[PDB]
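Given next are the chains, with one letter for each unit.
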Amino acid sequence: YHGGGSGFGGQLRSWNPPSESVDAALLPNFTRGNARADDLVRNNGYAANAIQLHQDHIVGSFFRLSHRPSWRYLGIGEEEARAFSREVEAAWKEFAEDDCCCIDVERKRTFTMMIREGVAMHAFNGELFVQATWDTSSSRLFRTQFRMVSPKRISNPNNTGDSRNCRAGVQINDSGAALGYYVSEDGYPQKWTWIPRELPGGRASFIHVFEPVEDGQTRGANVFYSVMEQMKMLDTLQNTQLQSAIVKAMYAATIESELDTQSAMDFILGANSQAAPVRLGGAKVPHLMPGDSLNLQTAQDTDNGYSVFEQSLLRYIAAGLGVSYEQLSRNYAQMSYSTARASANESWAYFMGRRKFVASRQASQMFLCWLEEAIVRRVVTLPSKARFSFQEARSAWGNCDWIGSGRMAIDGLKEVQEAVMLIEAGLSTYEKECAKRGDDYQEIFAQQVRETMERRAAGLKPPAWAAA
Amino acid sequence: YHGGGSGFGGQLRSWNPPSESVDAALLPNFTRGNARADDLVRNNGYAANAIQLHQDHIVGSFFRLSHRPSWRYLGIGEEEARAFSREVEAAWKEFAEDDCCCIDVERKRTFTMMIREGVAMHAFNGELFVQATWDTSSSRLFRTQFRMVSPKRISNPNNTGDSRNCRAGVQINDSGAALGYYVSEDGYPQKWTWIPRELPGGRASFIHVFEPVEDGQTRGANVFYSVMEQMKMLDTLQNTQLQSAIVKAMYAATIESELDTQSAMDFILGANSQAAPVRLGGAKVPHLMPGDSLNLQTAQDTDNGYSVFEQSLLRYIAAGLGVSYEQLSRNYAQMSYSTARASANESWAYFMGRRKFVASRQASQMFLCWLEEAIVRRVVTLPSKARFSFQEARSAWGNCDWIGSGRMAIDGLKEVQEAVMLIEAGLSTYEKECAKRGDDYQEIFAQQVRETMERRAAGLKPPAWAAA
Amino acid sequence: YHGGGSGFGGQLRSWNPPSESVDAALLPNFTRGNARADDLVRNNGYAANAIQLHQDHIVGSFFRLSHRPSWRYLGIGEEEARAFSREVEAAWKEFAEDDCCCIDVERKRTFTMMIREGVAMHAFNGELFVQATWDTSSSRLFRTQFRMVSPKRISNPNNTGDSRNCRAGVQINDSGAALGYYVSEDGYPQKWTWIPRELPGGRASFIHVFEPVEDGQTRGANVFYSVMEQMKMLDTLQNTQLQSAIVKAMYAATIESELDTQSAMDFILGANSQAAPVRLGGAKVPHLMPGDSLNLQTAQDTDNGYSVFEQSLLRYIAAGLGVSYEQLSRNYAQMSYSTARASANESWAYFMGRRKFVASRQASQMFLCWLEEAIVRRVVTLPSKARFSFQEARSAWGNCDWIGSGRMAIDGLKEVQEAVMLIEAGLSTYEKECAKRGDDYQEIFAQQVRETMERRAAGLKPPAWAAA
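Conventions and cut-offs
- Residues numbered from 1 in each chain as written, not as in the entry; some residues may be left out.
- Chains lettered and ligands numbered in written order.
- Part of a larger assembly, values for the part shown.
- Heavy atoms only, no water.
- Helix = DSSP H or I, 4+ residues; strand = E, 2+ residues; numbered from the N terminus.
- Rg over C-alpha atoms; globule rule 2.2 N^0.38 Å.
- Buried < 20%, exposed > 50% of the residue type's maximum accessible area, 1.4 Å probe, protein only.
- Areas by Shrake-Rupley, 256 points an atom, 1.4 Å probe, with all protein chains shown as cover.
- Disulfide = S-S within 2.5 Å.
- Pairing = 2+ DSSP bridges.
- Contact = heavy atoms within 4.5 Å.
- Buried area = accessible area lost by both parts, 1.4 Å probe.
- Salt bridge = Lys/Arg side-chain N within 4 Å of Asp/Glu carboxyl O.
- Polar contact = N/O pair within 3.5 Å; in protein donor to acceptor, adjacent residues only side chain to side chain.
- Nonpolar A, V, L, I, M, F, W, Y, C, P; charged D, E, K, R; others polar.
- Patch = residues over 30% accessible without salt bridge, like charges linked within 9 Å, V, L, I, M, F, W, Y side chains within 5 Å.
- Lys, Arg positive; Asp, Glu negative; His and termini not counted.
- Charge placed at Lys NZ, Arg CZ, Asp CG, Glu CD.
- Expected span 1.5 Å × (residues − 1).
- Least-squares fit on C-alpha atoms.
- Axes fitted to C-alpha atoms, helices over the stretch in contact; angles between N-to-C directions.
- Parallel < 35°, antiparallel > 145°, perpendicular 65-115°, else oblique.
- Core = buried A, V, L, I, M, F, W, Y, C linked by side-chain atoms within 4.5 Å.
- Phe/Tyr/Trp six-rings, centres within 6.5 Å; stacked < 30°, edge-to-face > 60°.
- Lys NZ or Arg CZ within 6 Å of the ring centre and 35° of its normal.

Determination of this PDB entry was carried out by cryo-EM to a resolution of 3.2 Å, according to the record.

The subject of this paragraph is the overall build of chain A. When helices and strands are tallied, chain A shows 15 helices and 11 strands. In terms of overall dimensions, chain A is more spread out than a globule: its C-alpha atoms have a radius of gyration of 32 Å, far above the 23 Å expected for 468 residues. For the C-alpha atoms alone, the extent of chain A along its principal axes is close to 110 × 75 × 60 Å. The buried share of chain A, taken over its 468 residues, is 49%. For chain A, the accessible surface area stands at approximately 23700 Å², while carbon and sulfur atoms represent 51% of it.

Here we take up the state of the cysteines. Should the sulfur atoms of two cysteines be covalently bonded, the bond is a disulfide. Residues and elements named next belong to chain B. This structure, assessed with the given rule, holds 0 disulfides over all chains. Free of any disulfide, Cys400 has its nearest neighbouring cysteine sulfur in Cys369, separated by 13 Å. Taking the relative accessible area as the measure of exposure, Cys400 reaches 10% and is therefore buried.

Okay, the pairing of strand 6 (residues 178-184) of chain C next. All names here are of chain C. Buried residues dominate strand 6, accounting for 5 of its 7 residues. Inspection of the sheet shows strand 5 (residues 170-172) paired to strand 6 by 3 bridges, in the antiparallel sense. Bridging from a neighbouring strand, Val170 pairs with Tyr181 of strand 6. Here strand 5 hands over to strand 6 after 5 residues, the two strands then running antiparallel side by side. Relative to strand 7 (residues 192-196), strand 6 runs antiparallel, the two sharing 5 bridges.

On the side of chain B, 129 residues touch chain A, which itself brings 137 residues to the contact. Summed over both partners, the interface of chain A with chain B buries about 11600 Å², with 58% contributed by carbon and sulfur atoms. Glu214 of chain A is the partner of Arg42 of chain B in a salt bridge, and the nearest nitrogen-oxygen pair spans 3.2 Å. In this structure, the connection of chain A to chain B is made through 49 residue pairs in polar contact. With 19 residues, helix 11 (residues 337-376) of chain A is the largest single contributor of residues to the side of chain A that touches chain B. Of the residues belonging to the side of chain A that touches chain B, the class tally is 62 nonpolar, 48 polar and 27 charged.

A cluster of like negative charges, contributed by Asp301 and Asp303 of chain A, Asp301 of chain B together with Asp301 of chain C, occupies part of the molecular surface. Its place among the elements puts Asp303 of chain A in the loop between strand 10 (293-296) and helix 9 (306-321). A relative accessible area of 34% means that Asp303 of chain A is categorised as partly exposed.

Here the focus is helix 15 (residues 441-458) of chain A. For helix 15 of chain A, with 18 residues, the first-to-last C-alpha span of 26 Å sits near the 26 Å given by 1.5 Å per residue. On its buried side, helix 15 of chain A packs onto helix 14 (430-436) of chain A together with helix 15 (441-458) of chain B. Note on helix 15 of chain A: the residue one or two positions beyond its end, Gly459 of chain A, has a positive phi of about 95°.

Taken together, the side chains of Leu242 and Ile246 of chain A together with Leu280 of chain B define a hydrophobic patch exposed on the protein surface, amounting to about 260 Å² of accessible area. You can see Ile246 of chain A is positioned in helix 7 (residues 228-250). Using a relative accessible area of 35% as the deciding quantity, one classes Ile246 of chain A as partly exposed.

Our next topic: the relation of the copies chain A and chain B. Between the two copies, chain A and chain B, the superposition gives an RMSD of 0.1 Å; the rotation angle is 30° and the shift along the axis is 0.0 Å. Mapped onto chain B, only 15% of the interface residues of chain A are again interface residues, and the two copies thus contact each other with different surfaces.

The next point concerns the side chain of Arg330 of chain C. Looking at where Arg330 of chain C falls in the secondary structure, it is placed in the loop between helix 10 (325-329) and helix 11 (337-376). Excluding residues within four positions of it along the chain, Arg330 of chain C makes contact with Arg315, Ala318, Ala319, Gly322, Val323, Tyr325 and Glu346 of chain B together with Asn49 and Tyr325 of chain C.

Attention now goes to the packing of helix 3 (residues 45-58) of chain B against helix 11 (residues 337-376) of chain B. Residues and elements named next belong to chain B. In the contact formed by helix 3 and helix 11, the axes pass within 9 Å of each other and the chain directions differ by 70°. It follows that helix 3 is roughly perpendicular to helix 11 by the angle criterion. Here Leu53, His54, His57 and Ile58 of helix 3 come into contact with helix 11, specifically with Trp348, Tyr350, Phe351, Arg354 and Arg355. For the contact of helix 3 with helix 11, the class distribution of residues is 5 nonpolar, 2 polar and 2 charged.

Attention shifts here to the nonpolar core. Counting residues in hydrophobic clusters, the biggest one holds 241 residues, and the most contacted among them are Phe224 of chain A together with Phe224 of chain B. The residues touching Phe224 of chain A, leaving out its near neighbours within four places in the chain, are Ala37, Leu40, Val41, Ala47, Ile51, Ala123, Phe124, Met231 and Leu321 of chain A. Counting residues in each nonpolar core, the second largest holds 18 residues, with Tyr430 and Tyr441 of chain A together with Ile423 and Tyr430 of chain B among its members.

This part takes up the interface of chain C and chain A. Contact with chain C, which involves 10 residues of that partner, is made by 7 residues of chain A. Roughly 860 Å² is buried in total at the junction of chain C and chain A, and carbon and sulfur atoms are behind 59% of that figure. On the chain C side of the interface with chain A, the three residues burying the most area are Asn43, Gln243 and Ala283 of chain C, jointly 40% of the side's total. On inspection of chain C and its partner chain A, the count reaches 0 salt bridges. Inspection of the region where chain C meets chain A yields 3 residue pairs in polar contact. Those elements that provide at least two residues to the side of chain C that touches chain A are helix 2 (30-43) and helix 7 (228-250) of chain C. Sort the elements by how many residues they give to the side of chain C that touches chain A and helix 7 of chain C lands first, with 4 residues. A class-by-class count of the residues in the side of chain C that touches chain A yields 2 nonpolar, 6 polar and 2 charged.

All names here are of chain B. Across the sheet, which stays open at both edges, the 3 strands sit in the order 3-2-8 with antiparallel pairing between neighbours. The open sheet terminates on both sides in strands that have one partner only, identified here as strand 3 (144-149) and strand 8 (206-209). The mean inter-strand angle of the sheet, taken between neighbouring strand axes irrespective of direction, is 20°. Sitting on the sheet, helix 6 (residues 111-125) is in contact with strand 2 (128-134), strand 3 and strand 8, with an inclination near 25° to strand 3.

Further remarks concern the environment of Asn29 of chain A. Take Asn29 of chain A: it is sitting in the loop between helix 1 (22-26) and helix 2 (30-43). Taking the C-alpha atoms as reference points, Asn29 of chain A and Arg42 of chain A, 13 residues apart in sequence, are found 20 Å from one another.

This part is about the packing of aromatic side chains. Applying the stated rule across the entire model yields 70 aromatic pairs over all chains. Plain terms: the ring middles of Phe111 of chain C and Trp402 of chain C are 5.7 Å apart, the flat faces sit at 35° to each other, and that makes the pair tilted. Classification of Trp402 of chain C by relative accessible area gives buried; the value is 11%. One aromatic cluster in this structure is built from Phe63, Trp92, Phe95, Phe111, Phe142, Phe367, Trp370 and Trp402 of chain A. In this arrangement the basic side chain of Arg72 of chain A is found over the ring face of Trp71 of chain A, its NZ or CZ atom lying 4.1 Å from the centre.

Take the pattern of salt bridges next. Counted according to the given criterion, the structure contains 67 salt bridges over all chains. The closest approach of N and O atoms between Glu372 of chain A and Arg203 of chain A, which form a salt bridge, is 3.4 Å. Given a relative accessible area of 9%, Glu372 of chain A falls into the buried group. For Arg203 of chain A, a relative accessible area of 18% translates into the label buried. Shared partners join several salt bridges into a network, and the residues in it are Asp215 of chain A together with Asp104, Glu106, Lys108, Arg109, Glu117, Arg147 and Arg153 of chain B.

This is the structure we're talking about:
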């Protein structure tokens, strides 16, 4: 095997990367990497475009709840489960979507915008932090509130060095689990607070969502590490090329003469001395003595293959980040239907995975945290004859699924024909087909049974879905 | 035969590779090869893209259980087998998919995330290790927990040399079988523990999944050995080319004169001395004496054939890794439907093989480990009059199949038409067609029989699948 | 005839190859050729791709048994043959597909994985060896075990010279048949054992599978001898071209002056002395005295015709190995449907031949070895009133056919239409149509007759295959 060897001619003799865990590689330069990722996101067109694509495709314009408790395990009954789910869904829908935005302490974000911010933070910071608090002064129906904590705030107190149990502001028990986090207080023009992960009663107090790569990993790594250097180098190349083009296009001509500069421009260029401005009106034919000369400068091609090199670098960056090349670069060159569909599918697989993990876990944990007080305050009533209480089986009572914006297809008619053909056979159900369009099938049925009554009352022809 | 000969003109005279086992080639430089593969994965856009493609296509966004015990062998009866399968599937679904993430000791990953991490570890490290433990302090329903052990941790104690029976921290019996493993403890700012492969009762304590190449192979080899050198050399070429382009684009022009440098720029470039900055506003025509000169530099083509060489190297890398060229390089050049379908099939065969072996074996062993407690703690009851106990035939009781995300078609209508035509004939069943879409046909049937009742109750037109 | 003559102008005067058997050409340099093939497989991207294609297409993701005993010969009856086949197939499932992997001594591979490893070994080593042993300490139902022996281990004892009867560790009787083998024991940081080919009772103890080319051939030859030299030379050319491109791209410019190097770089390049680093920010216009000079280097085309030469060499290599050019090189250039189908058929013929011979013979012999104990231990009962007992006609009792993964075609709809039309006419049966899809028609019928009952019980519309 030449992987561990010296190389072809010994070229890989100096390539001896150390063997170390993910923590040993990531933690020493965590803050610098995060700052560089933030710099790239704020001040580069492509990084901001990638973040916007992540936000728009992973979550969308809405994030909707679907409460499906496991009634078999609980032994309560299907109808009671349906009634409980309807009540819980109504309560959650009013709680999250108030215009006062009292879901968060800062009163600036709704639930959907909070999910989008969490996804964005997971993108260029590798993780997201959420804290759940209670305000006693509040007289509203619910006291639960959520605060989005930036990863920069969590760090070791007093800027102390890492230990075996405490790393990067995270306290670790004997196992890999985390017991608590140290959150700093930021003064824009310091102190640290201990926040336990979970309350003694089992409620989740502070939320941390990230995907671990190796066995022992305390905090996550942003996606920009793969292509961080190339983005900066490409920005430098773009600025240099633009400045060079401006400079080369500036010098249009050159005057050579042995006379005074005022005299030379007077006799050759045509300026009026009554250095010296020249009027652009008209065409001029100067007369030159033997010593005089007039040279019109020629410049190189403004874009001499910079476009193709930029194309290659943008393909590399899009491969590193995960978004499609066309989406990142806005190129959308000529291509057949099959190629566009294949690229869309390749991007959609990654987007679906990100939605399934990050946003779904965050929303599920927030929903469980809210549901615990909702049940405690008797806003909703648990079904009777339950095998287990809410505390004993939290996941069983609070099992849920989340629906986001569906993919907008290149051909609208083909997808509709496919859906109709699937519905005609037994391969698919109404729920799955409506969920692909970002709709709830029960709401569609209610709207249809309302519309048929409205049509009948007005005297119009009954709709297709109506039963004779 | 010229294979063992000197060559055409004697060119292969120095090519005399040693004849040795896979262990003799792999073990001496195991750690350096693993470290180089990790370096490529962390810091190259293409390697990270390949790992992400592996994770997404091999597993997907979900990994689902299908329990099919062999009822004929055990002599229990079909209906008891179906009831047992329903119970164990429900228990597994609740156990793996809790939001508390209590399946693993570190409480960071769900079952699907652990499967994806195992696939990733198999990709760039050549193997995956899983440890199953019990916590007695836990008061939950199940005490089983799983921990993913990095391959770096398994090594010979005290960094001692390999022996005949103990190689790379694995103790080997007279045959090729492994009896136990030595796992180190990592301190981020050492000691070794003996972990037997199997408990005395026959339970699996330590899990090791990899594909052997030759007869005697203690540990597996990463996939990057084939293309390790080329990726590093291509990265060096890319960085060098980018720096060279930036350098050549930087120098726009050149001034030649015998005067002072400030005066030369004042009279020619146009800088103001009130070295010296020059304003970009306007167009200028300087006046030059005989000794003076102005030269506008021209540069070579920025991308002069680098794209084609990069294409060739990327095809080589994609051949080595196994992913498609379009997926790896994000190129997706103009191509017909047939070529895209052929490349997709060529990649899908490899992905299906990897899913059938690695993830399936890992998930099956974890499921058996959980099922042993589940049966022991009497959460589920074995059918009566069974020929053999659970211990005597573990595979018969725990026979199962796993379903992941299905391939996304380039043309949605064509696959639906194909599935419908197959269903109409006897060549296919409902289960196989639903499995290709990542769905369970029994859940679809339950949803349909619920939806028909819902439509009937609300007064809507009965669905197609309903029976008159 | 000029084939044996001097040539056109005497150019073939030195071309006088010796006339010798295959053994005389192969045996003297067997080990060096095998080592070179192993080196190419481990360390070249294309060779690994070819081996992976062999494994994926010849075997696939599964290998399945179809027991077809010849009842007419033995005069037992069709129904008894069916019952015996069902029992044997069930028993072979459990032995081969246990998760404990107790089929092999090393407990690392399942039956399909051992078949794939055998195919791979036949690919780059020219043959495969399998050993069947018994473990008395085992308390399981079956004591049969299989060990894949690397071809390197079999060699002459004490590294002695070959004889008339003993060549390369294989003892040959008066005829060409082999009586036994000498297998060495490998110590990774020596002794030889005599293993007879067959037990005295007729059972197969040692398995050797290879295709003979000529009359007397003791051991087989790998496929790589045809194209090993070209692969090594192409790898050298690729590495040299990459290094040359990096070297030529590295030198961006050149400074010529009579001053000191520090002064020259300060005045021309723009470095700061407060050798000398230069910041890349901005565009610069240096001033040069008559002695000074600035030159921007221009390099040759990075990929100047290397791609087409690589294409030709890859076509030659793919022709030598037997795989299609597109599969080997991942090129998949623009091409019509007919050309793609023709290339796919050309490759599929070779893959079907390899599957029919190598894997089928290996699996059949292993199945016979297992079936002998299975019958002896009375796990399965032979039908009564049989003409010849198991010993008299092993092949008649153990006649079987093996099924692998079916070909993935470019157009899914066309293949389904073709299969439906063939089924409608009398040209084809259900078994052949289901076999091309890698399915067992009896299993499909059982699944259909279950699904129709499941649909009827739930109240859904009866399936198409149901009989009124």
